[PDB]
Amino acid sequence: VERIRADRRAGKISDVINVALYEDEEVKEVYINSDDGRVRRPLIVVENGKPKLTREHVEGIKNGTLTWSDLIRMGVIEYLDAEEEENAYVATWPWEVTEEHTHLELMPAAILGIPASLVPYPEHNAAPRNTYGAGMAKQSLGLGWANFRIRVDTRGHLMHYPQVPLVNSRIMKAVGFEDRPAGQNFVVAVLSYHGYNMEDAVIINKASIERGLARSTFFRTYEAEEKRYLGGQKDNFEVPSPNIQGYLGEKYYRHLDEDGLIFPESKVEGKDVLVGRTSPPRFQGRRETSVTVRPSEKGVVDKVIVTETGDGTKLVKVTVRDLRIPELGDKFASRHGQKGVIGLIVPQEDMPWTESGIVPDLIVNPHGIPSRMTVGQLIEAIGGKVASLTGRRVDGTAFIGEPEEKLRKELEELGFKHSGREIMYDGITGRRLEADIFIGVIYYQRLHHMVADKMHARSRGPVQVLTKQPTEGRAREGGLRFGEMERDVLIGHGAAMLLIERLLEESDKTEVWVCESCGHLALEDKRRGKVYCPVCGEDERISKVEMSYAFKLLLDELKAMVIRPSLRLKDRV
Amino acid sequence: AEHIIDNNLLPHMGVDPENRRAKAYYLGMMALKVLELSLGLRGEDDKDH
Amino acid sequence: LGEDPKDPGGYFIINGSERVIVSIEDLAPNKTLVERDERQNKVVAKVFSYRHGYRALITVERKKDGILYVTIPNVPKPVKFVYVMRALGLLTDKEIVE
Amino acid sequence: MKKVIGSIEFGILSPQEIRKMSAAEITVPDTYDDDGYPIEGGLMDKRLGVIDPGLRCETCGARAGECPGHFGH
Amino acid sequence: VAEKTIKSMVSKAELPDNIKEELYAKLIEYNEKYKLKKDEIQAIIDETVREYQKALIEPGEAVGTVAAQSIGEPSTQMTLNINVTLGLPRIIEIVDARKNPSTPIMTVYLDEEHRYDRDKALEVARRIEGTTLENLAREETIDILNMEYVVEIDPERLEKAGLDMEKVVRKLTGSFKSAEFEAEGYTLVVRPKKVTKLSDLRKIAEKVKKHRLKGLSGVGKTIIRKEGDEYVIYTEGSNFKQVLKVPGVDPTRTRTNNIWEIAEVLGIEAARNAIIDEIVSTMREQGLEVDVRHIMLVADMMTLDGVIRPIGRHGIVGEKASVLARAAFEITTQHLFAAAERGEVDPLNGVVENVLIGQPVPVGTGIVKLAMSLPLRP
Amino acid sequence: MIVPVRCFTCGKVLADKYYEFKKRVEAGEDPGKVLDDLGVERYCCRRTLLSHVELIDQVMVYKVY
Amino acid sequence: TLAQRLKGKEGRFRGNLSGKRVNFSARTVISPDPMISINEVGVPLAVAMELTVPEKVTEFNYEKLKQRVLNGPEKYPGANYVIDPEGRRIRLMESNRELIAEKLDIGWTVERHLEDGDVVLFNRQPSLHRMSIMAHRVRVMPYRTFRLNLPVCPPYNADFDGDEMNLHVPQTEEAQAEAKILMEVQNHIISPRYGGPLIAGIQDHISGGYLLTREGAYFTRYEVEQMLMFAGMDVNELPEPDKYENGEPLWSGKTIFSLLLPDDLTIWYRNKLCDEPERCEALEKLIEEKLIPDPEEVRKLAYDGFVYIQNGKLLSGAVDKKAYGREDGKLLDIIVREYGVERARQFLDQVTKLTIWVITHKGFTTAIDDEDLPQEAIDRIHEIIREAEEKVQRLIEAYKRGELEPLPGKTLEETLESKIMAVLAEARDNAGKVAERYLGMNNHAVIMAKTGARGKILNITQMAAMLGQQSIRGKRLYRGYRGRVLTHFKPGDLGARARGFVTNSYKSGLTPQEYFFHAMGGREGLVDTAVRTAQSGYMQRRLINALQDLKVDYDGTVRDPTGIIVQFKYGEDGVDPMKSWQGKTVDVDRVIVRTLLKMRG
Amino acid sequence: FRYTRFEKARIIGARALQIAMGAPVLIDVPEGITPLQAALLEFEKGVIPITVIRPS
Amino acid sequence: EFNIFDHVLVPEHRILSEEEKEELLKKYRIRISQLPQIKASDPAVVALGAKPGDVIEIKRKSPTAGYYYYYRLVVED
Amino acid sequence: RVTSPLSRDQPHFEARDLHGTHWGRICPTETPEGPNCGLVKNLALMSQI
Ligand SMILES: [Mg+2]
Ligand SMILES: [Zn+2]
Ligand SMILES: [Zn+2]
Ligand SMILES: [Zn+2]
């Protein structure tokens, strides 16, 4: 094992080979792995208490004369899989290495993933809070890609003024998050304000919103193809004539050009036609198959792309952009797992201000901070205030970040309180607040969970063909499901008439003819205007019974399963 | 039975009917590991490792 | 070419849609792991054999009776280890022992 | 007036009951032809109901969306 | 006001018997402290009667659905995972009427001769606890020169087991007649009589080591705790019938975790009481406050037919008279086909069937009947 | 992708002095002293100027028409 | 096939018969609104203009419905559809809105927009209990979010971190009447599960009540008038000032709080702030001796830990979770039981606004110095940690030398593990006590933890002193390499630090190994929750299907649909658990005390 | 004799349904109210004609 | 010997008379098949010497009402 | 992203929890919520395959 390790360190053999030694009184085994799928990490080789990495190697790396592969080649740094690491003894820090140590950790902060490194000071937060912050880091909005306008993504978001965090880890610069930020720095004051920020809710300044803070644009791309059918039939890109079937209306084609394509920079609403298309009839005039905006969505047409598919058919892609000014119900989350929707938009005159002339952009309730054990948020606020005052960004890397006490000392030296508390005045009364309010700069991210895309209201509309029940989804104007648990609470409340109105009257109410002789479903003949039971007869004793259409479907399924349900009718009174 | 033995019992040894000594030796190694774990000679294997 | 320089790549475009393959954390192929089932009171070793994309679960288990058993795919019931040892070419008991 | 369901009696359908309650006999496996019209004697025969809006049921005389459908055998 | 007058007024008042005694005791306690008058006592009695009338539950309440919701909702905040394993698995096992609960625990009480001193409790526990040969042995070694298994035991566990060496060798010799047992020093030597095959040695070696030398079957671990100046014995494993007829054990307060053993030994009513007690104890340990009326309703529904029944497809739901209610819960095809075979008739007297059809449910406002005189004018 | 015209907090105009601030920062000057010399006193305006990242030039290269 | 179309979650029974999608429903994100009553819900204008309620034209509402028809679907308040007595539906547009309006008569149906005072169903999923759906009153708001009052959140278990809720509009008169009578919010203040308050005050209300009613809290005339106007209390003249400071009158917070209580209410108990029982003992003795103590005598020995209300006047004590909190509010529970649900609803609506005004303008905040500790406290915590580590090392050495005594029923390894865990738990408790010693009542986080508003003392302990021992499945961390959780520790090391004992705190900063251990613990907790939820739901469904048909008959018995008597009397006493006093039939002592006080006062 | 919540709800629903399709109000009511509000006012005035049949 | 009724979990069991059973049936307006059932092999039944067809009056120890009366009908195994 | 072939509905208590061998290979904090907790993982920043 020692000879193989020495040969690998000398560069005689490849670095993919990993060797491990297993020693025991009963068994003695040596394992060598050189296959695929092994996840390894680099470690600095430590020999007799001295690491192999010296200052000369660092100088060569900085000067550019040495690369990482060169460092791997000399055996200074080696990749260790899980099997080889069983025999290793890694020191966490360079000043903690001894003669017993066999390896030295390169960067303890590198054990986290890319989204997990976005959180500043993760060691000062609870683990579930760090998990939530890592999860919500992928839901933020910002300048993700510079070529967003030419892309044809189905959904897209764009923050108008993205900002690099003032408190950020050094890994974020190397990863590339600083070039493509997804949030803004918010002046946040921890204060209870009129009960509108309780239960994780937040309060946002009206003037800040009107000045462009957290402004976002939502993109949606629609596509239309001039499909070709058998026999030479094909779709046509033109404004449909009023005489054709399926005509939506005159006002729905007001934005269409003579080629059937919508003009760019045209304001559109729900069910507005973007591409005018017609289709050949089935088994008459041509039908209408135009591509329209979603009923609950609106915006302005951004671009129109005219191209062809792989089969030569015409392809038209239309992108619609909608301005998303923050409002009530818009989800906002910090990097430390603190999330909540906007509870109230408060004018700047009513908002409190400090003795230095600082008005918070956001107000968070103090009740949410200590219960979740989030000290990293307070440290980030202090660091953001210090960075704004000094002009130098505060490093927030894990385990090597700027100490909290240093930030407090810098804040005290800058002329502010060490604790970050400032004297604030009430916006409405104008009097001094009895307590010094903690206020700082916290990086806040706007998430894609917007109330504009979540509000759904259905009264009546399309139903499923099979069950005669309301459809599913906001795009298809569907209804809300009244599940088994909802029926359970309705039963527990003792509301029988409410249950009848919900499950039967408003969902699938229908009437059927039931034969009173054999219990079979009678047949109504519209030709002769008579109702009779085909299996048994009984042209007279036929009664109409109302029930859910789902029950009729169940009866049909039971009959198809060679099961005869006999409905015994009873008088209402 | 011959087809099942050739194409199902340790295919990574091979499907050629000649390659049966290797399958027998691998099964013997498996039995040795089982007996070592049962008699306390060796410890359990961590699946999550 | 209309591409963002910061795009890392590493994905596929299928019919105009970006598809990314997610790595699967599977067990080590052709590796035998021994485990003890306390509820069933048995010792079972399992290996996953790979050959041209085909995976077969070969299981060697020993019950409370002290008799080893071999589980083979396309066989509805477990069979004895000695029977497989005999059918695999080892006739005499000396070869099976050695 | 109106009547409600008092009780439901279950059982096994007899072949005679299946024959009597059937509106048509199905023997052609094919459903639709090249033109898209339903095939007489097929599974989508108009005697069993209508799905297409322009179609008319031969047993009920009603249009799609209000014809309850009819069993075959 | 004399106590006789207060007692007469309490008896004359319309109240339950348990309320009457508590009210009389409270009135007696408050009479000497504040010198209550007759009118004050009468007003107190009237207020108590009014409060009792107000607390009565109105007819038509969906008590079963409310009980199910009030039991299931606290289970959404329960915690998963000596060796008592309470929590959501415990309540799941209780409501599912598991025949053998995981880690059974038997609570054993002692009479007046053993509940005061620790030595009597220890010897009662060692009598209850089942000790076999495999736990007493330090190591297992198969010997081939004598062609028989050899057993050695440590002195500490042998001394604590309460039986000496002679008791051990008399126990195996009487129970096993195929082979004889010889002993010297602190070692067991077994000698065969007609055993020659090596394979037959293993089948007789395992049978010897698993034979129970003393105690009750199914009990392997026993601990003793002190509470309320009394000694209570807690054992691992449940053998209620055997432990009931054991000297030095009080059978009036002895109970077990297994509700099936309670039903088999004590009765169905005792099984219902044990189910109620187990659910209440689990809820109290989890820190969730649940009214006992829901628990007693669940236990009464569980033991309606004289046997313990689960709440799943094999229990209360399985024996429901409604075909549609049975088919809607878990098994649809099997229940419907079984009803078709028997020609079952569903009277639609339940709630689920009326929900499915679209008829008013027989609960809440569904049971209210209205009448009105037609000649009505403003 | 472009510098905001006004500070998001108090509405103070900062876009006029942003390019001078960026030019002086890239020349090796202390950003705090540059902000002080430009009249940027409150740290909210300093937050707006320091945390802004210019990205419009990376968007202009892609034509939409 | 046919079998798969009937069984399963997506089958005909569960997916279409027992539960199905419904019409006249809406769903959007919820936002807080303390200004509306607990009986009201904020409905968006767009939602209100889409959802319609069919109202028949009668003699007393012909003009209103005619105006609704004339307004049209694009003008609020208007209508979308009109149904003639013949039964046909006519859509309303600009061309025919006048013709329909002049054709309106008795018997027509007008599908007008949602207006203020309408009854709708408000539901949050999952519906674990019957309080998950309640009937509210419609309040129309311009924005796009639902608005729910904060005290109604605990019944729904709803927060405002992106929660969405469903709204249902009943269409028939019988359904509307059933929702208005049975399912109103104020009718379900007391939870039937445990017979205690469920619709109660929460964190900010509790903190504001404590700030208002604590000792030394005084307010000026302007503040008192402003909070009275904000809370909506019907007060026309201020009471006599309690004291004068610098020539300006001042009012005690207890005096302002006493305006909420009824004039004939008397109750005394011990709250969560009682840390000196010797001070409550004198108050209890004074109350017991006389039963009508003088108000001046009570105020002389008043204590914040003992709350005493006499004839609606808060003579002593402070407001906390025991006042009107969920599952612990004695005052709210007494108000519900002795004054009805409408009086309780008014009291809750007034007190929430009053406490919100008090906490808003006084200033409540938390900062980084709330978890700060002096150097002596940190030194004591470090000494405790070092002593615990030394004890663990001594136990390990004793186990290695064989001197460790095995515990009954366990071997050496489990005995050593139990001893180590007990030592670490004792060290954590000692560190928590040391931290609690130096955190006074002036700290806002300590106020929140002690009053029961939000958080616990342990939460402050973790950030201040130390985190403690990280464990999964009730055992110390062991999953990793051979003999060690991490490579950075030596193999075979059974010490505290190598097994998941975090000596650092959140403020001090966790080491990478401690970070990994805390991540393991958090992952275990998240996995436990995500596994427990499914089993709890399955058990709830099984119980619901087992006990769906049981109900109380007119004779007090509970019977199955067949007719078999399950209980000859529900609960063996015929008492609703919702109306039961702490699980008992009748609270005799409370009735006796209240009647005696009423007759002697 | 006192009305239960279910009985009161059923009576109010029946009265509101009657008012919706005829059945003029027996007491003076303010203009612009719903039939449910009229039924609630009638119940508050104690003028309802609908009785409850109970088992005996 | 240890009586089965001395246990704290076992309530008092008493066999109802014919007139008492008829009065119980008349009071609740139920048939003999609408009562809760108890097996003939139950320890309480074999301790009381009852036979299938009888009704057992059970005096439960009610946590809420103090004493509660329950009735069970003896049925064959 | 790294995923596991195990079923999401089953509680894999031994597989969902963070292992000691995930140091430097699997991110300890970035995991999804719900059935994917502990079964869907992400590569560490220092991880090499
Ligand atoms: Mg939430
Ligand atoms: Zn017929
Ligand atoms: Zn038809
Ligand atoms: Zn500014």
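Below, read A as the first sequence line, B as the second, and so on, with proteins coming before strands; counting in each chain starts at 1. Values reported hereafter were calculated over all heavy atoms of this structure, with side chains retained and with hydrogens, waters and symmetry mates removed. First listed ligand is number 1; within each ligand, the first listed atom is number 1.
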Quiz item: With the Mg ion (ligand 1) at the apex, how many degrees lie between OD1 of G/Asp159 and OD1 of G/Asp163, rounded to 10 degrees?
Solution: 80°
Quiz item: Just wondering, is there an N, O or S atom on A/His520 that's nearer than 2.8 Å to the Zn ion (ligand 2)?
Solution: no
Quiz item: Looking only at side chains, do G/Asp163 and G/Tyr156 share a donor and an acceptor under 3.5 Å apart?
Solution: no
Practice problem: Indicate whether the side chain of G/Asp204 and that of A/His367 have a donor and an acceptor atom separated by less than 3.5 Å. | Solution: yes
Quiz item: Are A/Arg129 and A/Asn125 close enough that a side-chain donor and a side-chain acceptor fall under 3.5 Å?
Solution: no
Quiz item: Going by atom types only, do A/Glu486 and G/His168 share a side-chain donor-acceptor pair under 3.5 Å?
Solution: no
Quiz prompt | N, O or S from A/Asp200 under 2.8 Å to the Mg ion (ligand 1) | solution = no
Practice problem: For the Mg ion (ligand 1), find the closest N/O/S atom on G/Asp161 and give its atom name. | Solution: OD1
Quiz item: What's the NE2-the Zn ion (ligand 3)-SG angle here (D/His70, D/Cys57), rounded to 10 degrees?
Solution: 100°
Quiz item: Going by atom types alone, do D/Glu25 and D/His73 pair a side-chain donor with an acceptor below 3.5 Å?
Solution: no
Quiz item: What angle, in degrees and rounded to 10°, do you get at the Zn ion (ligand 2) when you join it to SG of A/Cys515 and to SG of A/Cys533?
Solution: 110°
Quiz item: To the nearest 10 degrees, how large is the angle at the Zn ion (ligand 3) between D/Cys60 SG and D/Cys67 SG?
Solution: 110°
Quiz prompt | Check: A/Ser334/A/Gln377 side-chain N/O donor and acceptor closer than 3.5 Å | solution = yes
